[PDB]
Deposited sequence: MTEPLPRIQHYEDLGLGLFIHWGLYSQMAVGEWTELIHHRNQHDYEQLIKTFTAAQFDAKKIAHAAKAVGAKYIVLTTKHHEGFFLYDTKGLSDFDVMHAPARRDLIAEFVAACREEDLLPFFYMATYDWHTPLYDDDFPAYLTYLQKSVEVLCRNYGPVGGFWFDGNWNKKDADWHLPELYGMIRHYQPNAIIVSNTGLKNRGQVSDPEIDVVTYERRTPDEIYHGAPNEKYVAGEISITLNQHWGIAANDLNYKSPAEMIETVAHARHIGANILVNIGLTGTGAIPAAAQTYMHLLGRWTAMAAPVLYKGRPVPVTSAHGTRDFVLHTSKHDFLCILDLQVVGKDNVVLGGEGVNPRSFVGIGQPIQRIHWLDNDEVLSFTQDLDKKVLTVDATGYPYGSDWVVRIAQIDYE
C-alpha cells in the first residue's frame, strides 16, 4: 500500500488554501457562470475586456491576507469558462489581460507575491471554454489550444505550486488526451501538484493526477487510490455564499462557525480545504470576504500546532459526539465540538457542569492534556486495556468561543 510521493506529502501539509475567483464576470457581480446561464450575447459580454482595468488588484495584499488567514497556497482562476486569460498568452489569444486596459501580467504579479510570503501559487484552468469556437467546431485543435495555454503557464513563471483543472460540464466521452497534457506539465514542472475536479471515473482519470476534489459533506476518510497504485490526495472546497465569483445579491452566506467546522472536518477526513473568495470587478477582496478571513485567521492561528501536520488516526469519539482526533509525530489532539460558554454562580450560560468527552483508541499513558487556546490543563482518566480516554472538556471562558476547541495530549 503506497505512501504519498514527497510533493504530495508536502501538499497535504499545506492544509488550507485560498481559492480566488476573478474574471470578466466579476464586473457584473451575478456569478461566474453569467454568460452561459443568463444567455448573454457573446460579443456584448466580451466587451467587458475593455473595462478590465485591474485598478484595485494588489497581489501583495492578497498574498498577505492569505498568509494571515493561515493558508499555505492560493488557487487563482487564470482562465474560467468565459475563456478570458489573466496572463500574457504570448500571442495565443487576444482575449487576455495584455489586451485589456490593465496591461499587466496578473499571474506574474501573483506568483511573485506568493513567493514573498512563502505560499505556493496554484493555477486554476477551466477546460470547458465558451470563448474559442474551436471548442465545438474543432475539438482536436481546441485540445492543442488548451495544452498550449497550460504550457505558457509552465514555462514563463518559474516553479509552480500546482494546476487545478476544472472539467465540470466537459464533453462526455471525448478523448481529452490527458496523458499528453499532464505529460507536458511533468516535463516542465516536475514538482507541480496536479489537481482535478473530475479525477474519479469509477479509478483515477490519469496516472499523473496528484489530487482529486471531493464534496464537502463527505462523511468518512477519503479515497487514496487502489492498493498497489500511486497515492492520490484529496481536497474539499467551500465558498462563502452560493456562488464562486462575486454575487452582490447572493445574501445566502454560511456562518463563520460552519466555515471553521468545515476546515476542521477536512483535516479529519484527510483532505486539504480551499476557502473561496470572489474578487470585485477591479480585483479587490470584498469587505464580506475580509470578515470571514479575519475570523478564520483567528481560528487557524490557534490551531497552527495541528492544522498542517495533523493526520487522521483510528481513534473514535464516544456515542453522540462529533469530536475527533488528529495525530502528529509528537502529539495527539482532541478536536471538540458543541461546547458552550461558561457563566458563573447564578449566571448559567451552558458550559459550567463537568463535561466528560470520551475517545477509543488511545493505548499509551498520558501525562498532560491542555486546551490550545488558553493552556488550561484538563482532568482525564484512562482505561489502557480498552484504550478509553475520558476528558472533562471545560466550556469556553466568557467572552470567547472557538467553535472547534483543540486539546493537545502530551504523552508520558
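Deposited-sequence segments unaccounted for in the coordinates:
Since the structure holds only modelled residues, the one stretch it omits is 203-204.
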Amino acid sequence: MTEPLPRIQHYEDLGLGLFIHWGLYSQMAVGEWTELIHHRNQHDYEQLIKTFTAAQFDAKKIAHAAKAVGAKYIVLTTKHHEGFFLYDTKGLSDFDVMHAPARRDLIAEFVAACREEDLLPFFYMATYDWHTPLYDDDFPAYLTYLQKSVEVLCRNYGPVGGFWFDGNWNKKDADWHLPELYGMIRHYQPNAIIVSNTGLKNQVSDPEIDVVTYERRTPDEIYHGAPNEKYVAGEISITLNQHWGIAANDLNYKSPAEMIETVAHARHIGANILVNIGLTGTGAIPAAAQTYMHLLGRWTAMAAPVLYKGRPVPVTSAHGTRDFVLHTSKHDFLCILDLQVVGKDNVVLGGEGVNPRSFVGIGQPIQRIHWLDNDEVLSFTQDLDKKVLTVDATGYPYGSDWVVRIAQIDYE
From here on, numbers count along this sequence of modelled residues.
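Look up the CA B-factors in the entry and say which stretch, 213-221 or 307-315, has the higher mean.
Result: 213-221.
Residue stretch of maximal mean CA temperature factor, 239-247 vs 112-120
Mean CA B-factor is higher for 112-120.
Going by the CA temperature factor in the entry, name the top one among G297, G270, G281, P227.
That would be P227, according to the entry.
In terms of recorded Cα temperature factor, pick the maximum from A66, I362, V30, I369.
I362 has the highest C-alpha B-factor of those listed.
Pull the Cα B-factor of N355 out of the PDB entry and bin it into the chain's lowest, middle or highest third.
CA B-factor rank for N355: lowest third.
Would the CA B-factor of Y45 place it in the lowest, middle or highest third of its chain?
Highest third, going by the recorded CA B-factors of the chain.
What third of the chain does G199 rank in for C-alpha temperature factor, lowest, middle or highest?
Its C-alpha B-factor, which the entry lists for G199, ranks in the highest third among residues of this chain.
Using the B-factors in the PDB entry, rank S205's C-alpha atom against the chain and give the third, lowest, middle or highest.
Top third by C-alpha B-factor.
Relative to the other modelled residues of the same chain, rank the CA B-factor of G162 and answer lowest, middle or highest third.
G162: CA B-factor falls in the lowest third of its chain.
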